[PDB]
Number of protein chains: 2
Amino acid sequence: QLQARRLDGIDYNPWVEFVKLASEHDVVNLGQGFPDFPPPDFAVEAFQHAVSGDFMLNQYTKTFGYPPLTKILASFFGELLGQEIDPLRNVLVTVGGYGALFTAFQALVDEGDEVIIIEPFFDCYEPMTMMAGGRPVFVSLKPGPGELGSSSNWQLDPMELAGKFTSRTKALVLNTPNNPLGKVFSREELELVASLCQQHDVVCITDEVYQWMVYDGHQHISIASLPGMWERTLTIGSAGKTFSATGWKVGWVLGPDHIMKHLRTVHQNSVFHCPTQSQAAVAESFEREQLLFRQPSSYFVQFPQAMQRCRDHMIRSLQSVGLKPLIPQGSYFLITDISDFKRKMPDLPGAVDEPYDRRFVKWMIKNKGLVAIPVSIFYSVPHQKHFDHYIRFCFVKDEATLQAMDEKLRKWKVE
Amino acid sequence: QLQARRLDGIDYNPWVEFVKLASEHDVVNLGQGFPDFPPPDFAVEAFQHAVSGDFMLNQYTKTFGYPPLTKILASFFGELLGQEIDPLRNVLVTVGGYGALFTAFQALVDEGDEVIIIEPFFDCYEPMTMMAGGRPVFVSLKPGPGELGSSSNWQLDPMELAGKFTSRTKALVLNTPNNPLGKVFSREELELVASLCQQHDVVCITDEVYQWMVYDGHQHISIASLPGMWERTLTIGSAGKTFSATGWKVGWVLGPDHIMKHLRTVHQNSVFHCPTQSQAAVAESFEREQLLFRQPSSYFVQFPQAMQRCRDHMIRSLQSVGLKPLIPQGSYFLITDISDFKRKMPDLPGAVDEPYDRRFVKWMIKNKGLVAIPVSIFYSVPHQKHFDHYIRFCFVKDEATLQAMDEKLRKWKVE
Ligand SMILES: Cc1ncc(COP(=O)(O)O)c(CN)c1O
Ligand SMILES: Cc1ncc(COP(=O)(O)O)c(CN)c1O
């Protein structure tokens, strides 16, 4: 009654509980979706230049983005997407990917609109939809029939997905690479989505914040580069998962002017400007990578290699303690199946109707010194029952952290 | 129909037209609401430390604010307000003042709620209200009966204001010091507001971004420090008008936990984190001013003095060319009456029903080389008729700019 009704149902963050519990224990924190090592020098220095350079960089820049930034964005991405991008009609700099999604949702979703959300989903898609009046409609990625599983096996059933589409569908949220699962969507997959999107006349909000984090030579493809798609796609990116600098909270949406004009309205009536210097830092950082694009010394070459090693490493460590990793094709993350623990250990302490994985994560923090994340926080509540056996790990960590993980794991193992 | 209805009516920015026109002319730009000189060294350096220091400052900080920042905020402001402030329940770091208002509105205002907006208003109060479903209800500050006018004479009529209050009033937006007028609200004024707010049970969203910019020894008072008010006040501030670094876009709301918990919900479903380093810069900057609070070398002492000089200077320059300045008690701004021009020059070129001051500003850009802002952009459309004779100037400028103004003014004067 004092609060607006749009807040109904979206006030609880299941995250918190656990950060609170992790901090009152000695832990290796693998629930954190960000590096614990420095960003690349070129990028840190880029920031250092922006705050040490032309003094007017401390004052306001342009509303829809700091032009050196929109410039490089439209160029580098226009090339990557295969698309002509006007910085002033097709690019909006936002407060991180979070900002971009929020802007997108507040633009497009209205009382009654349905949004198709693919499980597992980055958790904020559902609240944002709900805050905007929309109705989330869920479809589950479904793992197909080795012990080690693979992200690319998780399947978007063409009949199931076609069925979610109604006359009320405003948008489908497609996040690739997927967090938490790590799925990198295939071309044939994308096309499935593009095709139903094209058919029912529906916007594809597409969150590609993890674009650069790809492994095993799977290749990131943007639905926006598919024939006919640019006219109905909003592509989101984030400097923070680009340059391993999450704290910079700089993101953008790329999209056709007739959609963007609304994302702009929300922007000009919400935050109006993004801060200047960080934008400057990002613009420089992109210039550096575009200059060296594909080159061996380029960050987008070295980094995915480095983190693949981290992935591989974590995958082996966790494997031998009973956890059942699903190899990810990209993202900061891997999930592991814990169903073996559920059979061996069915009755762990927690609330009635609390999903197993949350109970399990809480256990492991207390006793084994390791933080992970209950995958069920990325499912519709109706679906947490059936999907209460995964946990999510972040392998974008320092060697010293992977060592500590190993220590924790070896100590646990004697059991 | 593709866009959400909340965007109805809020898509047009009357600002733009003029920036476009100013850039295709040789101008002294006094429509810009920000310095064109560097921030204080301590503050620029503070940023330089934050991006050059502990590398993990590049990663995510806490959701509701970077603790060194919420810490210093709660301390410095708790002292200034006379109030006990818990950083974690009473402070939210937002993306500038703009962010804070947006968060406040999306928290509290809902289909049907009325918001009382005092004219002239910072323009974004009306769209934000409208986007949230609310109904703006306007009351006009009204200048009381020398040639030079004064901001403090503009009056909030106690009967007029009491009359705006209905059972549907959710909030009243109080902005002091006022932009554009420069009014610094008096204690007796505040109390009027507090008292009706207290009576009808209504939140006072109070925008004090200009807190530090006060002149002639008028004193900034926060409605939040009035008896009984903290329980129904949200106070907004902005690092950018604090440290003359608008481009940093760091703001905050201070307020009682039972309100803030909703501002938090919006925050955690919109931007989630504010960027770390800038927060760090601000936290340091405040530490520096709090240490030297009231001291002669403190920025909050030196700066208002400096800008008072700039004010005084501009007031005299514009005075002698026929403009009729209203001395401001604070803010970055002064408005001048242009009714003499309207009598001398009634028929200037523009759209039918375009207010005089907009037509006039456009004229002055083209012919006299000076940018200002039509005050009518800060009135309800119904009220722009009667209030089409002011323009707004920003005197927070370098000497070299005030010189250029003078050049433009002297050249004009020969006429
Ligand atoms: C899938 C996904 N999309 C969007 C975001 C938004 O993050 P940020 O605002 O820091 O860019 C995140 C969180 N990093 C994410 O993992
Ligand atoms: C009255 C008023 N309030 C709030 C704001 C918001 O500005 P910012 O977001 O940069 O803090 C402004 C613009 N400076 C303003 O003048």
# chains A, B, ... in the order shown; residues from 1 in each chain; ligands from 1
>>> residues_near_ligand(ligand="ligand 2", cutoff="6 Å", atoms="only C-alpha atoms and all ligand atoms", output="short mmCIF file (atom, residue, chain, number, x, y, z; two decimals) with C-alpha atoms, in the first residue's frame")
data_model
loop_
_atom_site.label_atom_id
_atom_site.label_comp_id
_atom_site.auth_asym_id
_atom_site.auth_seq_id
_atom_site.Cartn_x
_atom_site.Cartn_y
_atom_site.Cartn_z
CA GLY B 96 23.32 10.22 -9.75
CA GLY B 97 20.47 12.28 -8.46
CA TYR B 98 18.58 11.23 -11.62
CA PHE B 122 13.57 20.39 -12.49
CA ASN B 179 16.71 24.56 -10.09
CA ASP B 207 16.10 16.68 -3.92
CA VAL B 209 21.60 18.04 -4.95
CA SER B 238 24.67 13.94 -5.82
CA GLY B 240 28.49 15.66 -9.00
CA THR B 246 28.77 15.91 -12.78
CA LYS B 249 27.05 10.33 -11.82
CA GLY B 251 24.07 9.96 -6.03
#
>>> interface_residues(of="chain B", to="chain A", cutoff="7 Å", atoms="only C-alpha atoms", output="JSON list (two decimals) with N, CA, C and O atoms, in the first residue's frame")
[["chain", "number", "residue", "atom", "x", "y", "z"],
["B", 2, "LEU", "N", 3.97, -1.35, -29.84],
["B", 2, "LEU", "CA", 5.13, -2.19, -29.51],
["B", 2, "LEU", "C", 5.74, -1.76, -28.19],
["B", 2, "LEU", "O", 6.10, -2.63, -27.41],
["B", 3, "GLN", "N", 5.86, -0.44, -27.97],
["B", 3, "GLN", "CA", 6.32, 0.15, -26.70],
["B", 3, "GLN", "C", 5.27, -0.03, -25.62],
["B", 3, "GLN", "O", 4.08, -0.21, -25.94],
["B", 4, "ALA", "N", 5.72, 0.01, -24.36],
["B", 4, "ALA", "CA", 4.82, -0.08, -23.23],
["B", 4, "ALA", "C", 4.16, 1.26, -23.11],
["B", 4, "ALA", "O", 4.77, 2.27, -23.47],
["B", 5, "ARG", "N", 2.93, 1.27, -22.59],
["B", 5, "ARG", "CA", 2.18, 2.50, -22.39],
["B", 5, "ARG", "C", 2.78, 3.49, -21.42],
["B", 5, "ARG", "O", 2.48, 4.66, -21.51],
["B", 11, "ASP", "N", 8.15, 11.11, -24.25],
["B", 11, "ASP", "CA", 9.26, 10.82, -25.18],
["B", 11, "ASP", "C", 9.99, 12.07, -25.66],
["B", 11, "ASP", "O", 11.16, 11.98, -26.05],
["B", 34, "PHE", "N", 26.65, 22.62, -15.53],
["B", 34, "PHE", "CA", 27.85, 22.00, -15.00],
["B", 34, "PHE", "C", 29.08, 22.91, -15.28],
["B", 34, "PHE", "O", 29.07, 23.72, -16.24],
["B", 36, "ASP", "N", 32.85, 24.17, -16.32],
["B", 36, "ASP", "CA", 33.74, 24.00, -17.44],
["B", 36, "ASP", "C", 35.19, 24.19, -16.97],
["B", 36, "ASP", "O", 36.10, 24.46, -17.78],
["B", 38, "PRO", "N", 38.10, 22.44, -13.86],
["B", 38, "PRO", "CA", 38.33, 21.11, -13.25],
["B", 38, "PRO", "C", 37.71, 20.98, -11.86],
["B", 38, "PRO", "O", 37.49, 22.02, -11.22],
["B", 47, "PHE", "N", 39.71, 9.96, -7.37],
["B", 47, "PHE", "CA", 39.40, 9.05, -8.48],
["B", 47, "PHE", "C", 40.68, 8.33, -8.94],
["B", 47, "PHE", "O", 40.70, 7.08, -9.06],
["B", 48, "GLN", "N", 41.75, 9.10, -9.14],
["B", 48, "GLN", "CA", 43.00, 8.54, -9.59],
["B", 48, "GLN", "C", 43.49, 7.44, -8.66],
["B", 48, "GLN", "O", 44.01, 6.40, -9.10],
["B", 51, "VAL", "N", 41.19, 4.08, -9.17],
["B", 51, "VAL", "CA", 41.51, 3.30, -10.35],
["B", 51, "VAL", "C", 42.98, 2.89, -10.39],
["B", 51, "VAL", "O", 43.38, 2.19, -11.30],
["B", 52, "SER", "N", 43.80, 3.33, -9.44],
["B", 52, "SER", "CA", 45.21, 2.95, -9.45],
["B", 52, "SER", "C", 45.60, 2.11, -8.24],
["B", 52, "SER", "O", 46.77, 1.74, -8.10],
["B", 55, "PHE", "N", 43.62, -3.51, -6.90],
["B", 55, "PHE", "CA", 43.02, -4.03, -8.14],
["B", 55, "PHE", "C", 41.57, -4.58, -8.04],
["B", 55, "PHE", "O", 40.86, -4.58, -9.06],
["B", 56, "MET", "N", 41.13, -5.06, -6.87],
["B", 56, "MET", "CA", 39.79, -5.63, -6.77],
["B", 56, "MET", "C", 38.70, -4.58, -6.77],
["B", 56, "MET", "O", 37.51, -4.91, -6.86],
["B", 57, "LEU", "N", 39.09, -3.32, -6.64],
["B", 57, "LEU", "CA", 38.20, -2.20, -6.87],
["B", 57, "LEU", "C", 37.65, -2.13, -8.33],
["B", 57, "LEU", "O", 36.80, -1.27, -8.67],
["B", 58, "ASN", "N", 38.14, -3.01, -9.19],
["B", 58, "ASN", "CA", 37.64, -3.06, -10.55],
["B", 58, "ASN", "C", 36.48, -4.00, -10.67],
["B", 58, "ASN", "O", 35.76, -3.96, -11.67],
["B", 59, "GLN", "N", 36.33, -4.85, -9.67],
["B", 59, "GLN", "CA", 35.25, -5.80, -9.65],
["B", 59, "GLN", "C", 34.04, -5.21, -8.90],
["B", 59, "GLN", "O", 34.12, -4.08, -8.38],
["B", 60, "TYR", "N", 32.94, -5.98, -8.85],
["B", 60, "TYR", "CA", 31.68, -5.58, -8.18],
["B", 60, "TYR", "C", 31.87, -5.20, -6.71],
["B", 60, "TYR", "O", 32.54, -5.93, -6.00],
["B", 61, "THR", "N", 31.27, -4.10, -6.26],
["B", 61, "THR", "CA", 31.07, -3.84, -4.83],
["B", 61, "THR", "C", 29.65, -4.24, -4.33],
["B", 61, "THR", "O", 28.87, -4.83, -5.09],
["B", 95, "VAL", "N", 22.56, 6.00, -9.36],
["B", 95, "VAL", "CA", 23.28, 6.55, -10.49],
["B", 95, "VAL", "C", 22.90, 8.00, -10.62],
["B", 95, "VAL", "O", 22.03, 8.37, -11.41],
["B", 98, "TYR", "N", 19.49, 11.82, -10.63],
["B", 98, "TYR", "CA", 18.58, 11.23, -11.62],
["B", 98, "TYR", "C", 18.24, 9.79, -11.21],
["B", 98, "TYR", "O", 17.07, 9.44, -11.08],
["B", 99, "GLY", "N", 19.26, 8.97, -10.99],
["B", 99, "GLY", "CA", 18.98, 7.62, -10.58],
["B", 99, "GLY", "C", 18.12, 7.59, -9.33],
["B", 99, "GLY", "O", 17.18, 6.78, -9.26],
["B", 102, "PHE", "N", 14.53, 8.46, -9.83],
["B", 102, "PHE", "CA", 13.86, 7.43, -10.61],
["B", 102, "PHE", "C", 13.53, 6.29, -9.67],
["B", 102, "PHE", "O", 12.41, 5.75, -9.67],
["B", 107, "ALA", "N", 9.51, 3.30, -6.76],
["B", 107, "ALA", "CA", 9.19, 2.64, -5.50],
["B", 107, "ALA", "C", 7.80, 2.97, -5.04],
["B", 107, "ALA", "O", 7.02, 2.09, -4.69],
["B", 108, "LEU", "N", 7.49, 4.26, -5.06],
["B", 108, "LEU", "CA", 6.34, 4.81, -4.34],
["B", 108, "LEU", "C", 5.13, 5.16, -5.17],
["B", 108, "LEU", "O", 4.01, 5.06, -4.67],
["B", 109, "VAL", "N", 5.31, 5.55, -6.44],
["B", 109, "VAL", "CA", 4.21, 6.10, -7.21],
["B", 109, "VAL", "C", 3.62, 5.04, -8.13],
["B", 109, "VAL", "O", 4.33, 4.29, -8.77],
["B", 110, "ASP", "N", 2.29, 5.00, -8.17],
["B", 110, "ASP", "CA", 1.53, 3.87, -8.70],
["B", 110, "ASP", "C", 0.31, 4.49, -9.33],
["B", 110, "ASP", "O", -0.04, 5.62, -8.97],
["B", 124, "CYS", "N", 12.47, 16.69, -14.95],
["B", 124, "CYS", "CA", 12.24, 15.26, -15.01],
["B", 124, "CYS", "C", 11.24, 14.78, -13.96],
["B", 124, "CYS", "O", 10.87, 13.61, -13.96],
["B", 127, "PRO", "N", 7.84, 13.70, -16.02],
["B", 127, "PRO", "CA", 7.85, 12.43, -16.75],
["B", 127, "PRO", "C", 7.95, 11.22, -15.83],
["B", 127, "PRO", "O", 7.28, 10.19, -16.06],
["B", 128, "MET", "N", 8.76, 11.33, -14.78],
["B", 128, "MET", "CA", 9.03, 10.19, -13.91],
["B", 128, "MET", "C", 7.75, 9.83, -13.22],
["B", 128, "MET", "O", 7.42, 8.65, -13.13],
["B", 245, "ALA", "N", 31.84, 17.57, -10.32],
["B", 245, "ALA", "CA", 32.22, 16.47, -11.15],
["B", 245, "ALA", "C", 30.92, 15.72, -11.58],
["B", 245, "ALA", "O", 30.72, 14.52, -11.26],
["B", 246, "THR", "N", 30.06, 16.43, -12.32],
["B", 246, "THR", "CA", 28.77, 15.91, -12.78],
["B", 246, "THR", "C", 28.92, 14.61, -13.54],
["B", 246, "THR", "O", 28.04, 13.75, -13.50],
["B", 247, "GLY", "N", 30.02, 14.47, -14.24],
["B", 247, "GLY", "CA", 30.23, 13.27, -15.03],
["B", 247, "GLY", "C", 30.43, 12.02, -14.24],
["B", 247, "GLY", "O", 30.41, 10.98, -14.81],
["B", 248, "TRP", "N", 30.64, 12.12, -12.93],
["B", 248, "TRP", "CA", 30.83, 10.95, -12.06],
["B", 248, "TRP", "C", 29.50, 10.21, -11.82],
["B", 248, "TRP", "O", 29.50, 9.00, -11.53],
["B", 249, "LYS", "N", 28.39, 10.93, -11.92],
["B", 249, "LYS", "CA", 27.05, 10.33, -11.82],
["B", 249, "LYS", "C", 26.98, 9.35, -10.68],
["B", 249, "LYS", "O", 26.69, 8.15, -10.90],
["B", 262, "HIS", "N", 11.81, -0.44, -0.18],
["B", 262, "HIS", "CA", 11.26, -0.45, -1.54],
["B", 262, "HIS", "C", 12.20, 0.18, -2.60],
["B", 262, "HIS", "O", 12.33, -0.38, -3.70],
["B", 265, "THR", "N", 14.36, -2.48, -3.50],
["B", 265, "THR", "CA", 13.78, -3.44, -4.46],
["B", 265, "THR", "C", 13.94, -2.99, -5.92],
["B", 265, "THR", "O", 14.35, -3.76, -6.81],
["B", 269, "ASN", "N", 16.45, -4.76, -8.85],
["B", 269, "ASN", "CA", 15.83, -5.20, -10.09],
["B", 269, "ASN", "C", 16.01, -4.20, -11.25],
["B", 269, "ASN", "O", 15.35, -4.32, -12.28],
["B", 270, "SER", "N", 16.88, -3.22, -11.07],
["B", 270, "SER", "CA", 17.20, -2.30, -12.14],
["B", 270, "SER", "C", 18.69, -2.30, -12.48],
["B", 270, "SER", "O", 19.07, -2.92, -13.45],
["B", 271, "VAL", "N", 19.53, -1.64, -11.68],
["B", 271, "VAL", "CA", 20.97, -1.56, -11.94],
["B", 271, "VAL", "C", 21.80, -2.52, -11.08],
["B", 271, "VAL", "O", 22.93, -2.85, -11.42],
["B", 272, "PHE", "N", 21.24, -2.90, -9.93],
["B", 272, "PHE", "CA", 21.87, -3.81, -8.98],
["B", 272, "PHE", "C", 23.14, -3.29, -8.30],
["B", 272, "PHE", "O", 23.16, -3.15, -7.07],
["B", 274, "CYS", "N", 26.14, -0.08, -8.40],
["B", 274, "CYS", "CA", 26.69, 1.12, -8.96],
["B", 274, "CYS", "C", 28.15, 0.80, -9.19],
["B", 274, "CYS", "O", 28.66, -0.10, -8.59],
["B", 275, "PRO", "N", 28.85, 1.48, -10.09],
["B", 275, "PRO", "CA", 30.24, 1.12, -10.32],
["B", 275, "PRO", "C", 31.09, 1.44, -9.08],
["B", 275, "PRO", "O", 30.89, 2.48, -8.41],
["B", 276, "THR", "N", 32.02, 0.55, -8.78],
["B", 276, "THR", "CA", 32.89, 0.65, -7.62],
["B", 276, "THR", "C", 33.79, 1.92, -7.50],
["B", 276, "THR", "O", 33.72, 2.65, -6.51]]
>>> select_by_dssp(residues="region 150-258 of chain B", states="helix (DSSP H, G or I)", output="PyMOL selection string")
chain B and resi 151-153+158-164+187-200+223-225+230-232+239-242+246-248+257-258
>>> residues_around(residues="region 293-302 of chain B", least_positions_apart="4", cutoff="9 Å", atoms="only C-alpha atoms", output="count of residues only")
9
>>> residues_around(residues="residue 19 (chain B)", least_positions_apart="3", cutoff="12 Å", atoms="only C-alpha atoms", output="PyMOL selection string")
(chain A and resi 62-63) or (chain B and resi 13-16+22-25+27+29-32+361-362+365+371-373)
>>> write_last_selection(atoms="C-alpha atoms", output="compact mmCIF listing (two decimals), in the first residue's frame")
# COMPACT_ATOMS: atom_id res chain seq x y z
CA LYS A 62 26.14 12.78 -24.14
CA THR A 63 22.88 11.24 -22.94
CA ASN B 13 12.91 16.37 -24.76
CA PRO B 14 12.60 20.12 -25.46
CA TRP B 15 16.29 20.49 -24.49
CA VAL B 16 17.59 18.85 -27.71
CA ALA B 22 23.93 26.03 -30.17
CA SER B 23 26.49 23.72 -31.82
CA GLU B 24 25.95 25.20 -35.27
CA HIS B 25 26.79 28.69 -33.96
CA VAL B 27 28.35 30.69 -28.58
CA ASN B 29 27.20 28.30 -23.44
CA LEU B 30 25.42 29.28 -20.25
CA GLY B 31 22.63 26.72 -20.64
CA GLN B 32 25.00 23.98 -19.44
CA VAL B 361 16.31 31.82 -26.47
CA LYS B 362 16.49 30.67 -30.12
CA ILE B 365 21.64 32.06 -29.82
CA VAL B 371 22.96 30.20 -24.72
CA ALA B 372 20.38 30.16 -21.92
CA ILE B 373 17.42 27.98 -21.17
>>> residues_around(residues="residue 342 (chain A)", least_positions_apart="6", cutoff="10 Å", atoms="only C-alpha atoms", output="count of residues only")
6
>>> closest_residue(among="A:178, A:320, A:235, A:152", to="ligand 1", atoms="only C-alpha atoms and all ligand atoms")
A:178
>>> closest_residue(among="A:188, A:284, A:119, A:406", to="ligand 1", atoms="only C-alpha atoms and all ligand atoms")
A:119
>>> residues_around(residues="residue 385 (chain B)", least_positions_apart="2", cutoff="12 Å", atoms="only C-alpha atoms", output="ChimeraX atom specification")
/B:352-358,375-377,379-383,387-390
>>> residues_around(residues="residue 86 (chain A)", least_positions_apart="6", cutoff="12 Å", atoms="only C-alpha atoms", output="PyMOL selection string")
chain A and resi 67+70-78+92+254-257+260
>>> decode(residues="region 120-191 of chain B", atoms="C-alpha atoms", output="JSON list (two decimals), in the first residue's frame")
[["chain", "number", "residue", "atom", "x", "y", "z"],
["B", 120, "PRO", "CA", 9.37, 25.86, -11.56],
["B", 121, "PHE", "CA", 10.49, 22.21, -11.36],
["B", 122, "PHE", "CA", 13.57, 20.39, -12.49],
["B", 123, "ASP", "CA", 11.97, 18.97, -15.58],
["B", 124, "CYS", "CA", 12.24, 15.26, -15.01],
["B", 125, "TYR", "CA", 9.87, 15.19, -12.06],
["B", 126, "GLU", "CA", 6.86, 15.25, -14.31],
["B", 127, "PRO", "CA", 7.85, 12.43, -16.75],
["B", 128, "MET", "CA", 9.03, 10.19, -13.91],
["B", 129, "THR", "CA", 5.70, 10.64, -12.18],
["B", 130, "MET", "CA", 3.88, 9.90, -15.41],
["B", 131, "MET", "CA", 5.94, 6.84, -16.18],
["B", 132, "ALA", "CA", 5.02, 5.46, -12.77],
["B", 133, "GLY", "CA", 1.28, 5.85, -13.26],
["B", 134, "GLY", "CA", 0.98, 8.89, -11.04],
["B", 135, "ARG", "CA", -0.83, 12.19, -11.65],
["B", 136, "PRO", "CA", 1.29, 15.32, -11.38],
["B", 137, "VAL", "CA", -0.43, 18.05, -9.41],
["B", 138, "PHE", "CA", 1.31, 21.44, -9.78],
["B", 139, "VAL", "CA", 1.62, 24.44, -7.44],
["B", 140, "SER", "CA", 3.39, 27.53, -8.61],
["B", 141, "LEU", "CA", 6.01, 29.42, -6.69],
["B", 142, "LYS", "CA", 4.83, 33.01, -7.11],
["B", 143, "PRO", "CA", 7.09, 36.10, -7.10],
["B", 144, "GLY", "CA", 6.02, 38.79, -4.59],
["B", 145, "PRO", "CA", 5.74, 42.47, -5.71],
["B", 146, "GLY", "CA", 13.91, 47.75, -6.79],
["B", 147, "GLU", "CA", 14.34, 46.48, -10.40],
["B", 148, "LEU", "CA", 16.51, 43.39, -9.51],
["B", 149, "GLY", "CA", 14.33, 40.58, -8.12],
["B", 150, "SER", "CA", 15.15, 37.97, -5.50],
["B", 151, "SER", "CA", 14.60, 34.18, -5.36],
["B", 152, "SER", "CA", 13.49, 34.22, -1.77],
["B", 153, "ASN", "CA", 10.55, 36.44, -2.71],
["B", 154, "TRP", "CA", 8.98, 33.68, -4.79],
["B", 155, "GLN", "CA", 6.23, 32.41, -2.56],
["B", 156, "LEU", "CA", 4.62, 29.08, -1.74],
["B", 157, "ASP", "CA", 1.07, 30.22, -0.92],
["B", 158, "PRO", "CA", -0.06, 28.29, 2.19],
["B", 159, "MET", "CA", -3.73, 28.08, 1.03],
["B", 160, "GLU", "CA", -2.88, 27.12, -2.58],
["B", 161, "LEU", "CA", -0.54, 24.39, -1.39],
["B", 162, "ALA", "CA", -2.94, 22.99, 1.24],
["B", 163, "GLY", "CA", -5.48, 22.78, -1.54],
["B", 164, "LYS", "CA", -3.35, 20.48, -3.72],
["B", 165, "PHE", "CA", -3.48, 17.83, -1.05],
["B", 166, "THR", "CA", -6.05, 15.12, -1.56],
["B", 167, "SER", "CA", -6.44, 11.56, -0.32],
["B", 168, "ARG", "CA", -4.56, 10.46, -3.43],
["B", 169, "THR", "CA", -1.34, 12.38, -2.73],
["B", 170, "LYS", "CA", 1.53, 9.96, -2.46],
["B", 171, "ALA", "CA", 4.47, 12.35, -2.48],
["B", 172, "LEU", "CA", 5.47, 15.98, -2.78],
["B", 173, "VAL", "CA", 8.71, 16.69, -4.57],
["B", 174, "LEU", "CA", 10.70, 19.37, -2.85],
["B", 175, "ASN", "CA", 13.88, 20.51, -4.45],
["B", 176, "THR", "CA", 16.02, 22.89, -2.44],
["B", 177, "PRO", "CA", 17.94, 24.72, -3.44],
["B", 178, "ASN", "CA", 15.62, 25.01, -6.48],
["B", 179, "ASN", "CA", 16.71, 24.56, -10.09],
["B", 180, "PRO", "CA", 16.00, 26.57, -12.03],
["B", 181, "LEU", "CA", 14.99, 29.43, -9.76],
["B", 182, "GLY", "CA", 17.73, 29.22, -7.19],
["B", 183, "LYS", "CA", 15.29, 29.51, -4.27],
["B", 184, "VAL", "CA", 16.68, 28.30, -0.95],
["B", 185, "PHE", "CA", 13.70, 27.22, 1.10],
["B", 186, "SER", "CA", 13.33, 28.93, 4.51],
["B", 187, "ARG", "CA", 12.71, 27.15, 7.79],
["B", 188, "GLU", "CA", 9.21, 28.46, 8.05],
["B", 189, "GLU", "CA", 8.67, 27.31, 4.45],
["B", 190, "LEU", "CA", 9.98, 23.84, 5.11],
["B", 191, "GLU", "CA", 7.75, 23.64, 8.17]]
